[PDB]
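# Overview (structure and organization)
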Amino acid sequence: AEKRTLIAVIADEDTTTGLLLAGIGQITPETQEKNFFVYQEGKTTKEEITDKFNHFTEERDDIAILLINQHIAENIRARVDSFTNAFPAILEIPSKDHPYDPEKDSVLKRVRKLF
Amino acid sequence: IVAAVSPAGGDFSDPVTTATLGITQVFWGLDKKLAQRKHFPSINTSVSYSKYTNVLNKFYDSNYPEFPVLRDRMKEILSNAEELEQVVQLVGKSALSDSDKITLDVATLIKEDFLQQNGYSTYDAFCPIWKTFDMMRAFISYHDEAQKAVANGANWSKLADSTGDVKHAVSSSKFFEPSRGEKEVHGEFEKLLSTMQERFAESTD
Amino acid sequence: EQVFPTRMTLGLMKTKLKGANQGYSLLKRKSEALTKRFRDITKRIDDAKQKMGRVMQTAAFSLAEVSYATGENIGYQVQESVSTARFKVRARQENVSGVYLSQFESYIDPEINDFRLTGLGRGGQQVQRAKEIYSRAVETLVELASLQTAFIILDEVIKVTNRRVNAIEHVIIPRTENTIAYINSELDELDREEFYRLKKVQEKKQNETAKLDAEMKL
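Residues numbered from 1 in each chain as written, not as in the entry; some residues may be left out. Chains lettered and ligands numbered in written order. Part of a larger assembly, values for the part shown. Heavy atoms only, no water.

For this entry, the PDB record names cryo-EM as the structure determination method and reports a resolution of 3.8 Å.

## What about the overall build of chain C?
Of regular secondary structure, chain C possesses four helices and four strands. Expected size for 218 residues packed as a compact globule is a radius of gyration near 17 Å; at 39 Å, chain C overshoots this value by more than 25%. By principal-axis analysis of the C-alpha atoms, chain C measures approximately 145 × 30 × 20 Å. Within chain C, the proportion of its 218 residues that are buried is 32%. Considering only contacts within chain C whose residues lie at least 6 apart along the sequence, 71% involve residues at least 24 apart. About 13,800 Å² of surface is accessible on chain C, with carbon and sulfur atoms providing 56% of the total. In chain C, 36 positive and 30 negative side-chain charges are present, and the distance between their average locations comes to 2 Å. (Helix = DSSP H or I, 4+ residues; strand = E, 2+ residues; numbered from the N terminus. Rg over C-alpha atoms; globule rule 2.2 N^0.38 Å. Buried < 20%, exposed > 50% of the residue type's maximum accessible area, 1.4 Å probe, protein only. Contact = heavy atoms within 4.5 Å. Areas by Shrake-Rupley, 256 points an atom, 1.4 Å probe, with all protein chains shown as cover. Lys, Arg positive; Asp, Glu negative; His and termini not counted. Charge placed at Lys NZ, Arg CZ, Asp CG, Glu CD.)

## A few points about the overall build of chain A
If you tally the helices and strands in chain A, you get five helices and six strands. Starting at the N terminus and ending at the C terminus, chain A contains elements arranged as β-α-β-β-β-α-β-α-α-β-α. Expected size for 115 residues packed as a compact globule is a radius of gyration near 13 Å; at 14 Å, chain A falls within 12% of this value. Relative to its 115 residues, chain A shows a buried fraction of 57%. Excluding contacts between residues fewer than 6 apart, the proportion of contacts in chain A whose partners are at least 24 apart in sequence is 65%. On chain A, roughly 5,000 Å² of surface is accessible, and the fraction owed to carbon and sulfur atoms is 56%. For chain A, the distance from the average site of its 15 positive side-chain charges to the average site of its 21 negative ones is 4 Å.

## Re a negative patch on the surface
Residues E13, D14, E41 and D97 of chain A make up a contiguous surface patch of negative charge. Relative to the helices and strands, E13 of chain A is located in helix α1 (residues 13–22). (Patch = residues over 30% accessible without salt bridge, like charges linked within 9 Å, V, L, I, M, F, W, Y side chains within 5 Å. Salt bridge = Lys/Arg side-chain N within 4 Å of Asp/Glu carboxyl O.)

## As for the side chain of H39 of chain B
Along the polypeptide, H39 of chain B turns up in the loop between α2 (32–36) and α3 (53–63). Engagement of the side chain of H39 of chain B in a polar contact is seen with the backbone oxygen of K111 of chain B, the distance being 3.2 Å. (Polar contact = N/O pair within 3.5 Å; in protein donor to acceptor, adjacent residues only side chain to side chain.)

## Some points on the interface of chain C and chain B
Across the contact, eight residues belong to chain C and six residues belong to chain B. Note on chain C versus chain B: buried area summed over both sides is about 460 Å², and carbon and sulfur give 71% of it. Inspection of the region where chain C meets chain B yields zero salt bridges. Counting across the interface, chain C meets chain B through one residue pair in polar contact. With five residues, the top contributor of residues to the side of chain C that touches chain B is helix α1 (residues 10–69) of chain C. Partitioned by chemical class, the residues of the side of chain C that touches chain B number three nonpolar, four polar and one charged. (Buried area = accessible area lost by both parts, 1.4 Å probe. Nonpolar A, V, L, I, M, F, W, Y, C, P; charged D, E, K, R; others polar.)

## A look at the interface of chain A and chain C
Facing 40 residues of chain A, the contacting portion of chain C comprises 38 residues. In total, about 3,500 Å² of surface goes out of reach between chain A and chain C, with carbon and sulfur atoms giving 67% of it. Our enumeration of links across chain A and chain C arrives at three salt bridges. Two residues, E92 of chain A and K49 of chain C, come together in a salt bridge whose shortest N-O distance is 3.9 Å. In this assembly, chain A and chain C are joined by eight residue pairs in polar contact. Listed by contribution, the elements that provide at least two residues to the side of chain A that touches chain C are β1 (6–11), α1, β5 (63–69), β6 (89–93) and α5 (106–112) of chain A. When grouped by side-chain class, the residues that make up the side of chain A that touches chain C number 24 nonpolar, nine polar and seven charged.

## Notes on the nonpolar core
The biggest cluster of nonpolar side chains holds 48 residues, and the ones touching the most others in it are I65 and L91 of chain A together with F87, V89 and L117 of chain C. Elements supplying a minimum of two residues to this core: β1, α1, β5, β6 and α5 of chain A together with α1, α3 (122–134) and α4 (137–215) of chain C. Among the elements that take part in this core, α4 of chain C stands out by supplying ten residues, more than any other. Ignoring any residue separated from it by four or fewer positions in sequence, one finds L117 of chain C in contact with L21 of chain A together with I74, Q77, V78, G124 and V127 of chain C. If you look at the next biggest cluster of nonpolar residues, it comprises 31 residues, including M136, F139, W156 and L193 of chain B. (Core = buried A, V, L, I, M, F, W, Y, C linked by side-chain atoms within 4.5 Å.)

## Here we look at the packing of aromatic side chains
Aromatic rings in a pair are described by how distant their centres are and how their planes are angled relative to each other. For the structure on display, the rule yields 14 aromatic pairs over all chains. On the basis of an interplanar angle of 85 degrees and a centroid distance of 5.7 Å, the ring pair of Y64 of chain B and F67 of chain B is categorised as edge-to-face. Taking 5.6 Å as the distance between ring centres and 50 degrees as the angle between the ring planes, the aromatic pair formed by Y142 of chain B and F200 of chain B counts as tilted. One end of the pair, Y142 of chain B, is in helix α6 (residues 129–151); the other, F200 of chain B, is in helix α8 (residues 184–204), with 58 residues separating them in the sequence. The pair formed by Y142 of chain B and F200 of chain B is uniform in burial state, with each residue classed as buried. Three or more aromatic residues joined by ring pairs make a cluster, and in this case those are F59, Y60, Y64, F67 and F133 of chain B. Taking NZ or CZ as reference, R4 of chain A lies 4.2 Å from the ring centre of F87 of chain A, over its face. (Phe/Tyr/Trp six-rings, centres within 6.5 Å; stacked < 30°, edge-to-face > 60°. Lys NZ or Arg CZ within 6 Å of the ring centre and 35° of its normal.)

## A short note on the side chain of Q148 of chain C
The topology assignment puts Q148 of chain C in helix α4. Here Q148 of chain C falls in the buried class, since its relative accessible area comes to 6%. Apart from residues no more than four positions distant in its own chain, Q148 of chain C is found in contact with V107 of chain A together with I45 of chain C.

## Notes on the pairing of β5 of chain A
All names here are of chain A. Counting buried positions along β5 gives seven out of seven residues, so the element sits mostly inside the fold. Relative to β5, β1 is paired through five bridges, and the arrangement is parallel. Its bridge partner being in β5, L6 is matched across the sheet by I63. Of the pairings in the sheet, the one linking β5 to β6 comprises five bridges and is parallel in character. Residue pairing for β6: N69 is matched across the bridge by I93. (Pairing = 2+ DSSP bridges.)

Written out as structure tokens, the structure reads:
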């Protein structure tokens, strides 16, 4: 089941730049498309975020871990918790200068209950 | 005398069967399941028995000393396989050691190759004692070799890929029709056994 | 309380009862073990996520600080110059306890070396210097993802097994034992009328023979 070979991120500019210089998000030469997207806080619409999520999940199944900032993921909280398939990994991380967010993690939220 | 009781519906509730069992020495029960699956020899190896095994060793040792221990080993293998099957269904064959799979597959091979036989093909009409002895040796030697190989550390999944050839060989061994040399067949079986040992040794590498 | 096969089928139903008991006990214990291992996964994933929350922030903030230290942020070049990923994902196979797990493993991909970002001079060294610390959180993140997947799989498996055990205990055994009692009652009933019939014939015979031999005294 190793079709999902890449890792996507929906994060702020500096985090995405550090990720790219390290290098996991690959500009897919086969698709000429980047599965990594630089989020612009306040400029990128929630519709675009949901569209990229849908791509990486259903259409571009080449992504294994769909990373996103906790603050950014909050804007798509409904989308975040609507998709609950464990085959594609979805991890939430704090945004730039944003501390650890326990309630912003759907997985942790579910963990706290039924515990 | 070879009587032939008839089933009366229930397996053994009828009193005639009880009375016959009270006196008769050798009993060859019937298995519904195997009959349902067209496994024509439907002798149930869980209830049937024979009390002349004790005495027949006097004749066995004069010609074939290995029947007693080998037969007991085969019966133990079959009993272990069936008891494991009793539980495997309720859960599934996922958390099983290599030895468990070895025993299960060996039992299946014996049941589908050793026990089964059709009384209509020329090569299968009558199985002499020596041929049965050699074919039994083949199966039990294969099983013990596999057990020894896995015990010392190895993945039976990988080993099975190589073994498939000798497994097919032993499964097809029965097709050696008798009445050709009566001794050349024994040499063929011995060569097959030696080649099995060689193939396991080299593949075990 | 079932379809009633009354034809000396006692042995079959007793076998079913024994099988039900065995399966019940085995599944009970399997669920116990799986829950025990679920607890530790919960604790460890919680701790790992909590510590990563700040480890990543310090790593990324230090990388940004060194980027500004040179006076020339290299965000644009790393945004356009990157070609291939440095890490690939591989599925990890493992059976934690009974259940087979399709875990994930941190399959590093050094096939592409450190990105050719050095070369700016002052910042050429610092970018790769901060990359390692920025390349450190990847392993923790992938470990966290593997823990998350294992958590989900364990949760669903234990839920399924527990509900199955409850259903078996609360449905099957009563249904079969009521039928057992019914069959026992019927088989007890038959012998009663059989005995009555035999008694009738015996009394008929004894009475008639006594009457016949009564006159024979004369």
